[PDB]
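K.L.:
Have a look at this one before I ask anything.
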Amino acid sequence: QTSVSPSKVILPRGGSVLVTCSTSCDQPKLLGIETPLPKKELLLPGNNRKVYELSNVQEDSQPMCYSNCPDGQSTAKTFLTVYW
Amino acid sequence: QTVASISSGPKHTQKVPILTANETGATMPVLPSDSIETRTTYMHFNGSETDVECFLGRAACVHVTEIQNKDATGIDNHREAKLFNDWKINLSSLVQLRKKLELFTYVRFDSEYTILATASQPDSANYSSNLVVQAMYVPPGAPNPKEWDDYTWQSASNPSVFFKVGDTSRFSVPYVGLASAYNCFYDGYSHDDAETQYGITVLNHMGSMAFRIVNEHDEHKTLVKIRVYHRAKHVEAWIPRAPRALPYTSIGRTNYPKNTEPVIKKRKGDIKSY
Amino acid sequence: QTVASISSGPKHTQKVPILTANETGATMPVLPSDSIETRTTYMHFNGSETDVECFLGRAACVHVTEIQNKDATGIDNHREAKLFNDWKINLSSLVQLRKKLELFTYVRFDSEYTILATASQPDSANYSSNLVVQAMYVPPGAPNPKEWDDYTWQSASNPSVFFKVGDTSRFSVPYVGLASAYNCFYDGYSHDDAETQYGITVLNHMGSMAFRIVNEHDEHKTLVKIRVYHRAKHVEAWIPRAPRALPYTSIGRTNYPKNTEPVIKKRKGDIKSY
Amino acid sequence: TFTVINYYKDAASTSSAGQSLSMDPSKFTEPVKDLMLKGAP
Amino acid sequence: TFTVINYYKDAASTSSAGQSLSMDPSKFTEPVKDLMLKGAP
Amino acid sequence: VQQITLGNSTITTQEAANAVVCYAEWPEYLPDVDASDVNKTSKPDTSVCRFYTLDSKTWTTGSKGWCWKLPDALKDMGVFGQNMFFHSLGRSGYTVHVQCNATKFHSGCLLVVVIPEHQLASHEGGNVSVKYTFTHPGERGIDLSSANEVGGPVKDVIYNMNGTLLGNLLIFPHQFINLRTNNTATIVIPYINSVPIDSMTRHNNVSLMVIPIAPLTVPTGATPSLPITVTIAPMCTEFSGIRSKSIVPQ
Amino acid sequence: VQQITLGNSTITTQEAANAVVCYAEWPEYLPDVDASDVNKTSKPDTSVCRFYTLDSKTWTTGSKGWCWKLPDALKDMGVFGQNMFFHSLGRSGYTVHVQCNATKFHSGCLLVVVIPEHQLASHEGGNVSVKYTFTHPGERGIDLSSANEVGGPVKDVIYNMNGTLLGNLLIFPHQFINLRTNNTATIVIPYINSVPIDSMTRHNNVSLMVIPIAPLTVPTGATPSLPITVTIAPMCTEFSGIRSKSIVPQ
Amino acid sequence: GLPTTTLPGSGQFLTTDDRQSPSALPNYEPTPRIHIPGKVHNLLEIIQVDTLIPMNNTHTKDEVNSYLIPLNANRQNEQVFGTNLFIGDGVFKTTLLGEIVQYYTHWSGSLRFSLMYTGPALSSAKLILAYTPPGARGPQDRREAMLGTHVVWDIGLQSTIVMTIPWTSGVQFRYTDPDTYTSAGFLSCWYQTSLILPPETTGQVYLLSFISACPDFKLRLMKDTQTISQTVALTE
Amino acid sequence: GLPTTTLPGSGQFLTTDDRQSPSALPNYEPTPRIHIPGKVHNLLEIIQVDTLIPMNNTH
């Protein structure tokens, strides 16, 4: 099943956070994170895990990791909160 | 010779071809000969350059990545060190090509790839290395290499091309879509689920390319920039579409950024100005 | 067009094709048209990529060795110094290729070899040398060179190819087995003896390759990595076999390591889970 | 005036196909049909 | 649609042969014969 | 006059209703040469080939437009909806009949357009997706004049909800409902897809957009609205892979 | 019913015994076009073409299976064994008849499979070889349920003693002995080798494996065992290069 | 000299090009081809042979028991087994079909699923084997299962049922690796009536499940198999 | 060896040359072409369809 780390994070307004998407499938075809934030895929080897630096978080957002893996839930949402 | 215009004199026609009803959704082929007296001219023109094969059919740079040849001893993340790099093949990352392709809903083509490798040695170097690049086409969903000298590179099945830096490789890939054509637009989901991704689909998986420098390290670091050029050939296109007006924001989505600038130019003057 | 499925309606058959006896060891060709009402579809498919010629038929790296070009004055063991290296040809050292070949008992093919030489100069060097590699195919059982500049390299009979480092050589070797096909599996011995080796046989001797850098030494040391790529062509295969499930441990043996991990994945749930 | 030999066994390897002769825009410009002449199957 | 000239005298030098047309799995899937019809030599 | 009778349904039009057949292609059953799925298809009778009328929209002076997605809009329509839910695969054409009558004193122009693969844009930007519930609204469709929702599509009719300009939407099969000229529009849609048949639930083959281009101008003192009614009939519908009824969200 | 009479031997079966002919190829004498050895071959009479019964194995609830190698299992069988020892070269087909009868209350399923070039794995790993004495056991064969021996093969039936999974052994010519259905299995094996003829002593052409797949479940209070009997007849046997009798270990 | 223009890709080593090349052993005459039985022309020939499915893959180690589907007496309206139909994964990964399938990326066509009953001759059972095409969940009760493709199997003198899983898809090819869009559906088996054992017999009887390909099977895009791996070159 | 003379431009990558090239997926059989309506052969076919002009571009 698709997984996101962290499950939840509280971060300062405008800061960056690293969100990890992972699958149980070893070889997923689609794996990413859906978010309106500016993001940067960290150079990381492998197919079933990705890390994104979601930059300049301004509001409460719910970035969703997605995949095409058919085991379990193919999507996982994380909850970003801003404090200011 | 194909006639462009026929000779036509005064007309007191009761079958008015210039009065129609656009409410019907048809563009009736009204010609100059219908509203003005015309002479007879010839086309002298076949329209060879407007055929979809030519319109969508020259090589365009669709990916650029830099990889390095350096001492790999004592590095955990080779991908981060840019010892190798992989890329899920897509023709959406360059906007000129994307807009041209997005003029159609379904597109079917074979792919001709040209990979150009160019070396640079910014730091002090005594000479220019004779480096060899391995460009490995990995089939859709196949495992990408995880380290620079992983055994995935020695795959007995993945197509690989070895070429010198500074030179090019060229190889064609047939149309590899599951369906009869690529879905440049997909108004659906992979399955009936409340949270699943919209639009982006596995139907349009064209494969992936992994790149490394085969050579072991020299005393200096060499930076290699790999440019992948894609040329579509044997192109078939269906269902013309409204051209893209707004900037893109992501691959596989029709999203556009918030607060975009107006597309339609404002007139310098009123509606009567020329 | 070859028919994949024929139109078939309701069936009140007394010649039940779906009840059989697997005790007989035959896979009776029961089709979808036998158990469900079907429409008529066509294959649109020849199965060109499942032919053994294609399945076992692309170039794979089957050996990699590093040799050196350095001052050879005052060295007793040139082989240890990596001035040259030899290798008994075998397609068993890479597991992907081995498993594919081991899907069959007997295999007959001609060999197309591609040797890629790539140079590296890790230590301080003022320039990159223009080195030439000699890849010498030695027939089965023929003497391998014993030193870097031995007279064995000047053999008037051994096929040799000279090519620049950074470039490739390509040459085909016909099927060279004594028997009508290679024995990818051999359940026997070379002769009736109590202590003699099992399985590994001289029937499958494909030759050997020796490699050296022809150039005399420069002021610096150059490390050359030689990758041998084998491509089987004109492939004939007999007697399909159970695929390999466990890791390999040696060439020519079916041995697997002790305490290996289970092959069959365990179910996340009971036998009823989907 | 022009010559091509196919050097490879695959259709994907051939150069571009050229021009689609039979081009007709009525598919898009004149898609109107009277539905009272029973053109529907 | 396709052309090959043999440039070398050896059969081992030719490119791959292509596809074995006459493929039939009954060798492996239907190897059962009644031994009471005397099929044995 | 004109009359179209499908099954137990009939639409009469005192306008000389000229129909647009998208790309001059009539709906047709999947031929053998194009078929991949081997199961014998279920070709329903009068029970599905009939006009289903959706609930009417009100066209006001400031309404932006409406969007329906097929076959989603008919998922709850009599026998067709049931078959769409009970089968794994389905393909269908449509006869769309958009109706909007007024007097000779009204002015306004609707653009009725059918967009194959009308992938909607999200109003949030980046790579956010439009959620299933918003792209499968049902017979109510999407009202472009309402406000944005979390996970909903963008609703600026100028950009067709996809980043293309409205003026260019005439490249798709369309008809105008010009209140001075005509009160009905008829578009016959064939099955359009890269695959011969597909899942009717997770994929919307076409989108029907009814967009006011020339705004509604009612005569002085008149009620400032007109009802727009959409009537659809499945045509050459096929179903394959009957099984337990699918479970979709909402 | 069925009856096969070879020489002075006869096997009668009240089951409609259907025979598997490996790869739909009957045993045949070496044709001239394939022959390399020039000597006129010795084609024995009734003296060898006959059914030899091996000693019976006992099938218990916890037995893993048995493996015989041909022609090794027949090296001590009447005239065939002598000819196999006196000649330098030999090729032969086989008619294997595996017999296991029970009542309608027993359950269990044997997989009778013929593996050409069944190169056995050593249980020690690395590159250790299985010694001659273990791969040439004779009419007793290899019992997969016994313990490992120094120089013996590995005996985990799940991996076929060669590193392949048991489930996949159906790619080879096989028959099941399903106690509810049948009590006998018949496989006709042709000569299979990369060479037209070979030394019968140092090389085993085929391996016969009888493996319990569905375990033996005897009725309540019944003796928890069944005998399994293997009967083999050489077919189209040829010998070449007669000389002094070979000396093999054990 | 014939004027020529070298094109891009000149001097490249593409591992799949398959051109003529000079022979290192000119005039060599290879051993003549003798008749060897069981010649394989195409891999589509061998995938059509049934091999056992480790359907009961609930054990910590690999055992023969992994291939035995337990059947219990006096079970009513109950499920025997259920699996998804990702043929290049799960219970199918190790079968011959799955192994050959993992060497390719795309697959199309119908599958042949077989069950062999191994219980005593004096037992009786009616089972219903159901194929649920994609789009619906794995059936959780027999009623749900019997709305799709199914076969009611009466165990008797013919101990083997052969149900075909018809190619049931919109898209013409499915991915051999598990994917939501190209999901192939579900396979389940249920007790139609029940299993009845004769007196003097007790315990579990077993089914053997086999998988194979129908002659309409297709495999397209070659890839490496993830079944076997190596980190070091092997030697003799 | 056929005597040849390499011309200028040898080894150049011209982005519009359109020559034959070796296939990376030999023997691959692409999905058959099904009938999809609205096939576009030439762009001169689609420019003949009327689209609205933003003539009142004064906003």
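Residue numbers (the entry's author numbering), protein chains in the order written: chain B, 1 to 84; chain 1, 16 to 289; chain 1', 16 to 289; chain 4, 25 to 65; chain 4', 25 to 65; chain 2, 13 to 262; chain 2', 13 to 262; chain 3, 1 to 236; chain 3', 1 to 59. A prime marks a further copy of an entry chain. Virtual Cβ for every residue (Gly too), placed ideally from N, Cα, C.
Which class does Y289 (chain 1') belong to by DSSP, given the choice of helix, strand or coil?
P.N.:
If DSSP states are grouped into helix, strand and coil, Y289 (chain 1') belongs with coil.
K.L.:
Report the neighbours of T35 (chain B) on chain 2: residues whose CB is nearer than 9 Å to its CB, in chain order.
P.N.:
Per Cβ cutoff of 9 Å: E136, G138, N139 and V140.
K.L.:
Would you report the Cα separation of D179 (chain 3) and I82 (chain 1), rounded to the nearest angstrom?
P.N.:
Cα to Cα, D179 (chain 3) sits roughly 31 Å from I82 (chain 1).
K.L.:
Grab the span of the alpha helix (DSSP H) containing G90 (chain 2') for me, first residue to last.
P.N.:
Per DSSP, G90 (chain 2') belongs to the alpha helix (DSSP H) from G90 to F98.
K.L.:
Since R227 (chain 1') is in the beta strand (DSSP E), which residue starts that stretch and which ends it?
P.N.:
Looking at the DSSP string, the run of the beta strand (DSSP E) that includes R227 (chain 1') is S223 to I228.
K.L.:
Please determine, among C121 (chain 2), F97 (chain 2) and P128 (chain 2), the residue with the shortest C-alpha to C-alpha distance to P37 (chain 3').
P.N.:
The shortest Cα separation from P37 (chain 3') among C121 (chain 2), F97 (chain 2) and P128 (chain 2) belongs to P128 (chain 2).
K.L.:
Give me the residue from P39 (chain 2), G90 (chain 2) and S48 (chain 2) with the minimum Cα distance to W167 (chain 3).
P.N.:
Per the Cα distances, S48 (chain 2).
K.L.:
What is the rounded straight-line gap between the Cα of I47 (chain 3) and the Cα of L96 (chain 3)?
P.N.:
Each residue's alpha carbon lies about 7 Å from the other.
K.L.:
Does the ligand MG have a heavy atom nearer than 7 Å to the CB of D62 (chain 3)?
P.N.:
The ligand MG is not part of the structure shown, which contains no ligands of any sort.
K.L.:
Which chain 1 residues sit within Cβ distance under 8 Å of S75 (chain 2)?
P.N.:
By Cβ distance, chain 1 contributes nothing, its closest Cβ being about 20 Å from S75 (chain 2), past 8 Å.
K.L.:
From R192 (chain 2'), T229 (chain 2') and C61 (chain 2'), pick the residue whose C-alpha is nearest to that of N20 (chain 2'); which is it?
P.N.:
Out of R192 (chain 2'), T229 (chain 2') and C61 (chain 2'), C61 (chain 2') has the C-alpha closest to the C-alpha of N20 (chain 2').
K.L.:
Less than 8 Å between CB atoms is the rule here; does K273 (chain 1') satisfy it with respect to chain 2'?
P.N.:
So, interface residue.
K.L.:
Mind checking who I201 (chain 2) pairs with in its DSSP beta bridge?
P.N.:
The partner list for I201 (chain 2) (beta bridge, DSSP) reads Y106 (chain 2).
K.L.:
Here's the rule I'm using: 16 or more other beta-carbon atoms within 10 Å means buried, otherwise exposed. How should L61 (chain 4) be labelled?
P.N.:
Exposed is the call here.
K.L.:
Which residues in the same chain as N77 (chain 3) place their Cβ atom closer than 6 Å to its Cβ, once the five residues preceding and following it in sequence are excluded?
P.N.:
Same-chain partners within the cutoff: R142.
K.L.:
Quick one: using the 10 Å Cβ neighbour count with 16 as the cut-off for buried, is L45 (chain 4') buried or exposed?
P.N.:
Result: exposed.
K.L.:
Answer yes or no: do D67 (chain 2) and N216 (chain 2) have a C-beta to C-beta separation smaller than 8 Å?
P.N.:
No.
K.L.:
When DSSP builds the beta bridges, which residues end up paired with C79 (chain 2)?
P.N.:
In the DSSP output, where bridge partners are listed per residue, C79 (chain 2) has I154 (chain 2) and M221 (chain 2).
K.L.:
In this structure, how does DSSP classify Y31 (chain 4') when only helix, strand and coil are distinguished?
P.N.:
In this structure, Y31 (chain 4') counts as coil in the three-state DSSP scheme.
K.L.:
Nearest to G179 (chain 2') by alpha carbon, out of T182 (chain 3), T149 (chain 3), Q12 (chain 3) and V49 (chain 3)?
P.N.:
Comparing Cα-Cα distances from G179 (chain 2') to each of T182 (chain 3), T149 (chain 3), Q12 (chain 3) and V49 (chain 3), the minimum goes to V49 (chain 3).
K.L.:
Figure out for me which residue from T5 (chain 3'), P54 (chain 3'), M55 (chain 3') and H35 (chain 3') has the closest Cα to the Cα of residue 12 (chain 1).
P.N.:
Since the first residue of chain 1 shown is 16 and the last is 289, residue 12 (chain 1) is not available in this structure.
K.L.:
Identify the contact partners of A245 (chain 2) in chain 4, using a Cβ-Cβ distance below 7 Å as the criterion.
P.N.:
Ordered by position in chain 4, no residue passes the 7 Å Cβ test against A245 (chain 2), which lies about 11 Å from the chain.
K.L.:
Ignoring anything shorter than 3 residues, give me the beta strand (DSSP E) runs that lie fully in the region 127-215 of chain 3, in order along the chain.
P.N.:
Listed in chain order, the complete beta strand (DSSP E) runs (minimum 3 residues) inside the region 127-215 of chain 3 are 149-155, 160-165, 186-196 and 205-213.
K.L.:
What in chain 1' is Cβ-close to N194 (chain 2'), meaning under 7 Å?
P.N.:
Per Cβ cutoff of 7 Å: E38.
K.L.:
Could you say if the region 190-207 of chain 1 and the region 104-120 of chain 2 meet the contact criterion of at least three C-beta pairs nearer than 8 Å?
P.N.:
With the cut-off at 8 Å, the region 190-207 of chain 1 and the region 104-120 of chain 2 do not touch.
K.L.:
What's the C-alpha gap between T275 (chain 1') and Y67 (chain 3)?
P.N.:
One C-alpha to the other measures close to 20 Å.
K.L.:
For chain 4', check one thing: does any of its Cβ atoms lie closer than 8 Å to the Cβ of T198 (chain 2')?
P.N.:
At least one chain 4' Cβ lies under 8 Å of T198 (chain 2').
K.L.:
With H, G and I counted as helix, E and B as strand and the rest as coil, what does DSSP make of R113 (chain 1')?
P.N.:
It is helical.
K.L.:
State buried or exposed for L18 (chain B), treating a residue as buried only when at least 16 other CB atoms are found within 10 Å of its CB.
P.N.:
By the 10 Å Cβ count, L18 (chain B) comes out exposed.
K.L.:
Work out the CA separation of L123 (chain 2') and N194 (chain 2') for me, nearest whole Å.
P.N.:
One C-alpha to the other measures close to 12 Å.
K.L.:
Look at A31 (chain 2') and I199 (chain 2') and say whether their C-beta atoms are less than 8 Å apart.
P.N.:
Yes, these two residues count as a Cβ contact at 8 Å.
K.L.:
So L132 (chain 2) and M96 (chain 2) are in contact, right, with Cβ under 8 Å, and what is the actual spacing, rounded?
P.N.:
21 Å between Cβ atoms; not a contact.
K.L.:
At a Cβ cut of 8 Å, what residues of the region 174-187 of chain 3 count as close to chain 1', listed as they run along the chain?
P.N.:
Answer set for the region 174-187 of chain 3: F186.
K.L.:
Using a Cβ-Cβ distance under 8 Å, would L66 (chain 2) count as near chain 1?
P.N.:
With 8 Å as the cut-off, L66 (chain 2) does not count as an interface residue toward chain 1.
K.L.:
Give the C-beta separation of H106 (chain 3) and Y175 (chain 3) to the nearest angstrom, bearing in mind that I take them to be a contact with Cβ-Cβ under 8 Å.
P.N.:
Indeed they touch by this definition, with Cβ atoms about 6 Å apart.
K.L.:
Out of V180 (chain 1'), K103 (chain 1') and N270 (chain 1'), which has the shortest C-alpha to C-alpha gap to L146 (chain 1')?
P.N.:
Out of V180 (chain 1'), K103 (chain 1') and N270 (chain 1'), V180 (chain 1') has the C-alpha closest to the C-alpha of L146 (chain 1').
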